[PDB]
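Chains as they are written, first to last, in the entry's author numbering: chain H, 4 to 21, 28 to 68; chain F, 76 to 80, 88 to 553; chain G, 7 to 561; chain E, 37 to 213.
All residues carry an ideal CB built from backbone N, CA and C; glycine is no exception.
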Amino acid sequence: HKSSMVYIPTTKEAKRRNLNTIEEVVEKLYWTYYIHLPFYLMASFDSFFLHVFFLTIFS
Amino acid sequence: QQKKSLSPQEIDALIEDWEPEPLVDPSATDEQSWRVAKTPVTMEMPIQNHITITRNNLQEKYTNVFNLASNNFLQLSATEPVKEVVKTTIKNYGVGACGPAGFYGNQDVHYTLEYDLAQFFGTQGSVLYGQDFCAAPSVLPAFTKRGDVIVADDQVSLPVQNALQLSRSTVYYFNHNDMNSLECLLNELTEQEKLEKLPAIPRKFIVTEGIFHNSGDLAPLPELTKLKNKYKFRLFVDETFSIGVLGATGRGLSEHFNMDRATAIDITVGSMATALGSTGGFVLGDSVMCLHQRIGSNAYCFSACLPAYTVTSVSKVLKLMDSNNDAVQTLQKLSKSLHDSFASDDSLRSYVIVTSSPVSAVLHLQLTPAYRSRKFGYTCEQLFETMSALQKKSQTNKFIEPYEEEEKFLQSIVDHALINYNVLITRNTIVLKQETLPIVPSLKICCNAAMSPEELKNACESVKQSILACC
Amino acid sequence: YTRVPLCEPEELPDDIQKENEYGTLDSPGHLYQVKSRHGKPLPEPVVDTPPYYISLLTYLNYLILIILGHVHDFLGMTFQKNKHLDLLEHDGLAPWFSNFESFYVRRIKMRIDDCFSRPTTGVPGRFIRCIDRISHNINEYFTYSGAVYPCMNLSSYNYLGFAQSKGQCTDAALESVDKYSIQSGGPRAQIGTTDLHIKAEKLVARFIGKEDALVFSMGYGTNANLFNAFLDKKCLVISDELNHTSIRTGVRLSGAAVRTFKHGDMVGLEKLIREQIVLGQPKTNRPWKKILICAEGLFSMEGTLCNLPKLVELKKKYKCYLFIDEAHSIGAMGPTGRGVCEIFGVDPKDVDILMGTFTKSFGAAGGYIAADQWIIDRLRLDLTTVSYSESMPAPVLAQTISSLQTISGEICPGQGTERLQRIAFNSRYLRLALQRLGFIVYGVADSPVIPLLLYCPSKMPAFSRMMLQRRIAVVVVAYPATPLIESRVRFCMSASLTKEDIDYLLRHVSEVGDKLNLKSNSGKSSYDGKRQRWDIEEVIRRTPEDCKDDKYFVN
Amino acid sequence: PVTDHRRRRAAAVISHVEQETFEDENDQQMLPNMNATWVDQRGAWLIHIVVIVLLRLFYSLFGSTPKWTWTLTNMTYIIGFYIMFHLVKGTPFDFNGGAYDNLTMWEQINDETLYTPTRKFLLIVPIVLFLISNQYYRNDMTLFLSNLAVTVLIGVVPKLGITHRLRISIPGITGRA
Ligand SMILES: C[C@@H]1CC[C@@]2(OC1)O[C@H]1C[C@H]3[C@@H]4CC=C5C[C@@H](OCCC(CO[C@H]6O[C@H](CO)[C@@H](O[C@H]7O[C@H](CO)[C@@H](O)[C@H](O)[C@H]7O)[C@H](O)[C@H]6O)CO[C@H]6O[C@H](CO)[C@@H](O[C@H]7O[C@H](CO)[C@@H](O)[C@H](O)[C@H]7O)[C@H](O)[C@H]6O)CC[C@]5(C)[C@H]4CC[C@]3(C)[C@H]1[C@@H]2C
Ligand SMILES: CCCCCCCCCCCCCCCCCCCCCCCCCCC(=O)N[C@@H](CO)[C@H](O)[C@H](O)CCCCCCCCCCCCCC
Ligand SMILES: *Cc1c(COP(=O)(O)O)cnc(C)c1O
């Protein structure tokens, strides 16, 4: 039984098998939970999230 | 002068006292059941010129019956080249589409036919529909809401009537093919609209038909185009019976008058089953119109895609019609001869009349009002007013005796010719309850491009003698 | 490049094509038989909810989208007008459509429009071929290239695998074409009717279990042009809030009064029936001429069944009428395939009118209505489609007759039962595995539609694109079709798929969901009242044996 | 006319929306509105508190006096709620034929029911916000008067038993029936 179908190898399983995960996870959490994909040209809204710099300074 | 003004125990008494009505009234079923017993049924052979039929539950059978009750005109779908395309598609695509329009439903043959229609009919785009009966009431409501104005003819068909009821807008009627009535009506509407000083201009439309389904007349397009531009209106034309039979090649009503469709007409509704030979329908227009129909039309959004073999066959027919135009010429010669054979007879002047144009491929016959009043003793104006009152009052039973007598008489004319001379001619099939505008019974004789002039001539003489003998 | 290419068919040996359209079973242990509920009523369904911050984030995202959309519209249409010439008056003529009535399509859906209207080619079997396209501007126009790649099918209405180009049905259709042409003369009243129409009607009436039935060309027209035949402005219609648009259009054309009751709430229905019987018509308080109840068999967006015995006893007690739609239930539900009536054991005589469609299971196009003798005899004279529309073509009739005969068992023995067992096992296994992984899955235990909830709006395009990159086809729906909080992905199972394909899909879906953090289960899905975060290997090893047992499903 | 479906624009100082006819009311309002159903749902009541807290924190990040911060947050919340609910008239998607073209979202809540718990909550929030906020600028009478005027004239008068289906032709000829 043979069919004309191509199987895509899975990442982390026979793709990478043959220090950076934390940054990727943090980036995904920041991006997907906020409204960015249905926006066009509005990547400048990330500049509005400069509150991290404002709260960085203490006393 | 203020004037001085229930228990749960008696609530169940009201419930028990309720007496509902039957779902369907069976009182008049027996008297009106002769229509089913007289419907011809073809036996194991395609509907063509010569057929073998059985009627009334296989009780009677006829062999080699000349057919004059088929809506197919060009007869190009029974040829060998089309059958080759149909069989190949089934082996490679199947029979079903299995999906809506927006969910993996287009199989890159639906796109091709859309391009072909625009190039053949000289427009910018087209949209396909599953059924022709559900095309007009699905496009008109999408472009009209409350507060709009629609001007319509007084002889439109039932599917057009359904669209105007669901459109939810003001509807006006003008006389059948009367530009004096149309021009007068438009002038008053414009003036009062200017007087009220509305913040925005509402949408306005004109509704008519190319060749009428119940009469067989035409529309004067050159007059309508001048008025719509003068008074800032829009034109809506239905061309179910006028595409493929009018014009040098068969483009439609615009080619007959030597005009351009891109400017004369705005919305065109057509059917692929009358002449092309495949199921479905289409709507023609510009680009902005089409994009709104992809999401604003209920029939398009909420239905499965049309099968594949129907689309492929029509494209082959359109290609064949472009190269050669011999099928249309044969059809027009027979149609003109048929009309003159029934209009130049002095023995049928006092009995029946003809209400069809020479360019029409279907001949309509109606009884003269003098003869109808002599025997049945009723008038069309009286018939219209009786049914209007019943519909408004919402009566369960809607039965009229003089109307039934005329239907039986016309059936006798049909039956007499078939038994004695083996010629099948049909009778107009309508439902009087659903109608809103006046209508009367009639007869129909059809024609196509596969006939011979000698055979048609003998059939015409037989029907003429059949009418005289019955009367 | 801009126009859609016409793909030349490929040349392949027969066996490869058969495997592409229909799979071959590996072991006889992947089949399940469906039992019948004699006296067990349907319990009230239970739903699960995510934590609060998901809802709060969704609300904030929608608020931002609305604010920026309205601001952009106002600023763009005030500071410039040359580009927006389709939304302003020109030479004294109003525009085609309005600005406010089409805000969502232009301002939210247009940025993710690449996930809708995907062109395909070939038979829609186990593997569906798709044409590639390149997005330009922001989903404005596309450029196509001559390349076609296969994808796993989870987005097509093919339950029993009847969409094949090699079999008895295709040969029957070709023979029908040889005998009867594709031409149809006209309306069924004039010339359209033939003997095959009578054969199909009688066979359908015998199969369903009623006395007689009719056939139509379009499913939409069956509902749109039916209610005006026996309803008027002095009748009441009680319908669920979740019904198809065809029923609503038909009732609107009829003109009867409409009152709706909440989904899955019989007490409210009884209260409404009592109040409407007592009060009567408005402004006059005369009694209603008749009362009709409308309902649907299986609801596709949720995969839940209607409670039939309750409706039957209510209509018998209060002297009402019942109307049942079986678009998604015929030929795929029950021990044999009769519908929900066979599932519940209710005799078909109780239901006044039955309806169905041949597109979802039998691989054709059409519809039917089944009722008693006198009702059909009157409706034949009183209907509009019969004497004003076209007639059904012959190949579709041949396909439908062959499919119904095959499922009944007259021809091709030992095929229909095997297909039904395959689809039942596949649905149960997929639902149980998805619930064990940690997701949220709606519906009854055996339902071909599996809705998976994806709450945040930004997670639909990402999931769809990642699944497409891994050669799996999915369908996503969102507001306003679904509630604002709940947006879902719908899975349509087939009898042509195999356990290996399910394992492949499960692995890829699990890893993608772990990447996107879509696992939110509150423990009410598990029958033991505990959270379930398992491994993929353990689920694959244990679920197929435990899939058959019915004690692992809450509903 | 055979249908007589027109929209009237009668001009008067005080006018009301006429009651809907049988066809428009008993038949064209049957399906869920999908514009006011989301109010009585999950998480539809804490979001106002979250918005208030976020606005207050955003203003405090600037580093201004408490009086200006609280006055600005009150005005912004009330103006935003007014713009969202009371100003616009209609619905962003076609319903049946344009049945809800004369009413705002506030009138459409709970099928034109006058007193429901959500309406009580929506009326209660501005008052409690005003009582909490006034404690910082009691000394300045002008700011107190301005806050009281904003609250009473925008966040109190529209949400009343009176002024239901009430239109004034001063800023434009309104449409009724
Ligand atoms: C310096 C400071 C900074 C801070 C700040 O202040 C300044 O910054 C400022 C920034 C400001 C915003 C800027 C802009 C908007 C959008 C606006 O609008 C919403 C959308 C529409 C809302 O719904 C209406 O519209 C329905 C439409 O159906 C109407 O429906 C009926 O009437 C139908 C009539 O047919 C009949 O069918 C039926 O009877 C029935 O359906 C009904 O009246 C009503 O519901 C209204 O607007 C649209 O509709 C207009 C008309 O079509 C468009 O066209 C018009 O604008 C074109 C522009 O080029 C010009 O050509 C022409 O004037 C003309 O064509 C316009 O573009 C377009 O926006 C609502 C206000 C808001 C948010 C402002 C708030 C205040 C600020 C936040 C200020 C903030 C505080
Ligand atoms: C950094 C600057 C400051 C940032 C702050 C910005 C302003 C926030 C202030 C708070 C505003 C009040 C908060 C109450 C709302 C709570 C959360 C609700 C979540 C969203 C709900 C979505 C509901 C969808 C229903 C769809 C519907 O039916 N829609 C319409 C027709 O019916 C409504 O007409 C429509 O929705 C409102 C249209 C209003 C258009 C806004 C125009 C304003 C342009 C921007 C100008 C600034 C405005 C703010 C001062
Ligand atoms: C799926 C479905 C339809 C679709 O019918 P078409 O044949 O695609 O027009 C119609 N009605 C109901 C109730 C459905 O579930």
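Looking at ligand 2, does it come within less than 6 Å of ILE73 of chain G, judged from the CB to the closest heavy atom?
The nearest non-hydrogen atom of ligand 2 is less than 6 Å from the C-beta of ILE73 of chain G.
Is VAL357 of chain G near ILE330 of chain G, with beta carbons less than 7 Å apart?
yes
Check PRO47 of chain H in the structure and name its three-state DSSP category.
coil
If you measure from each residue's Cβ to the nearest non-hydrogen atom of ligand 3, which ones come out under 5 Å, in chain order?
F:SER385, F:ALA386, G:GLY225, G:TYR226, G:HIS250, G:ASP331, G:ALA333, G:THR363 and G:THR365
Rank F:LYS515, F:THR412 and F:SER494 by C-alpha distance to the C-alpha of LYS475 of chain F and give the top, closest one.
F:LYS515
Given a threshold of 16 other Cβ atoms within 10 Å of its Cβ, counted over all protein chains shown, does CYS266 of chain F qualify as buried or as exposed?
exposed
Any beta carbon from chain E within less than 7 Å of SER531 of chain G's own beta carbon?
Answer no: the Cβ-Cβ gap between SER531 of chain G and chain E never drops below 7 Å.
Closer than 8 Å by beta-carbon distance: list the chain E residues that pair up with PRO486 of chain G, in chain order.
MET70 and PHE129
By how many angstroms is the C-alpha of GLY256 of chain G removed from the C-alpha of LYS296 of chain G?
Rounded to the nearest angstrom, the two C-alpha atoms are 17 Å apart.
If distances are taken between C-alpha atoms only, which option among F:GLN237, F:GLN274, F:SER220 and F:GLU543 comes closest to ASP422 of chain F?
The shortest Cα separation from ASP422 of chain F among F:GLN237, F:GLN274, F:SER220 and F:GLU543 belongs to F:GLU543.
List the residues of chain F whose Cβ lies closer than 8 Å to the Cβ of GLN170 of chain G, in chain order.
The contacting residues are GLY176.
Just verifying my parser: in three-state terms, what is the DSSP assignment at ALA178 of chain G?
helix
Apply the 10 Å Cβ neighbour rule to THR145 of chain F and answer buried if 16 or more other Cβ atoms are within range, or exposed otherwise.
exposed
Alpha carbon to alpha carbon, how far is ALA371 of chain G from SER190 of chain G? Give it in angstroms, no decimals.
16 Å
Ligand 1 and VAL164 of chain E: does any heavy atom of the ligand fall closer than 6 Å to the residue's C-beta?
no
Would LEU490 of chain G count as contacting chain E if we go by Cβ distances under 7 Å?
yes
In whole angstroms, give me the CA-to-CA distance for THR210 of chain E and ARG203 of chain E.
7 Å
Locate the beta strand (DSSP E) running through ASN149 of chain F, then write down its first and last residues.
142-149
Tell me, please, which residues DSSP counts as bridged to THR310 of chain G.
G:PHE305
Taking the DSSP output, what are the residues bridged to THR392 of chain F?
Paired residue(s): none; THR392 of chain F is not in a bridge.
Report, in whole angstroms, the separation of the C-beta atoms of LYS401 of chain F and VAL164 of chain F, which I expect to be a contact under 8 Å.
Not really, about 11 Å apart at Cβ, beyond 8 Å.
Do the CB positions of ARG212 of chain E and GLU59 of chain E come within less than 7 Å of each other?
With respect to the 7 Å criterion, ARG212 of chain E and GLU59 of chain E are not classified as neighbours on the basis of their beta carbons.
Can you list, in chain order, the residues of its chain whose CB lies under 8 Å from that of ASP404 of chain F, leaving out five sequence neighbours each side?
Within the same chain, and ignoring the five residues on either side of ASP404 of chain F in sequence, the residues whose Cβ sits closer than 8 Å to its Cβ are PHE202 and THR331.
Check each candidate in G:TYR435, G:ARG386 and G:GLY45 and name the one with the smallest Cα separation from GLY35 of chain G.
Checking every option, the nearest Cα to that of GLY35 of chain G belongs to G:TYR435.
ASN249 of chain G to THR107 of chain E, Cα distance in whole Å?
A straight line joining the alpha-carbon of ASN249 of chain G with that of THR107 of chain E spans about 49 Å.
What residue range is occupied by the uninterrupted alpha helix (DSSP H) comprising residue 587 of chain F?
The structure shown does not extend to residue 587 of chain F, since chain F is modelled only from 76 to 553, so the question has no answer here.
Are the CB atoms of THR251 of chain G and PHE384 of chain F within a distance shorter than 7 Å?
yes
With distances taken from CA atoms, which of G:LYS87, G:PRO101 and G:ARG112 is nearest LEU74 of chain G?
Residue G:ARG112 is the option with its Cα nearest to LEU74 of chain G.
Measure from the C-beta of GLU308 of chain G to each C-beta in chain H and report whether the shortest distance is under 7 Å.
no
Please list, in chain order, the residues of the region 285-312 of chain G that have any C-beta partner in chain E closer than 9 Å.
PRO288 and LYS289
Any C-beta of chain E sitting closer than 7 Å to the C-beta of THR252 of chain F?
yes
Taking the continuous beta strand (DSSP E) assigned at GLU291 of chain F, which residues delimit it?
Taken as a continuous stretch (DSSP letters only), the beta strand (DSSP E) holding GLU291 of chain F covers 286-291.
Under 7 Å between C-beta atoms, does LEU59 of chain H make it to chain G?
no
What is the residue span of the alpha helix (DSSP H) that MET371 of chain F lies within?
369-378
Taking the C-alpha atoms as reference points, what is the distance between residue 30 of chain E and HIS84 of chain E?
Because residue 30 of chain E is not part of the residues shown, which for chain E are 37 to 213, the question remains open.
Shortest alpha-carbon distance to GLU517 of chain F belongs to which of G:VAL483, G:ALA468 and G:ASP388?
With distances taken between Cα atoms, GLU517 of chain F lies closest to G:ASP388.
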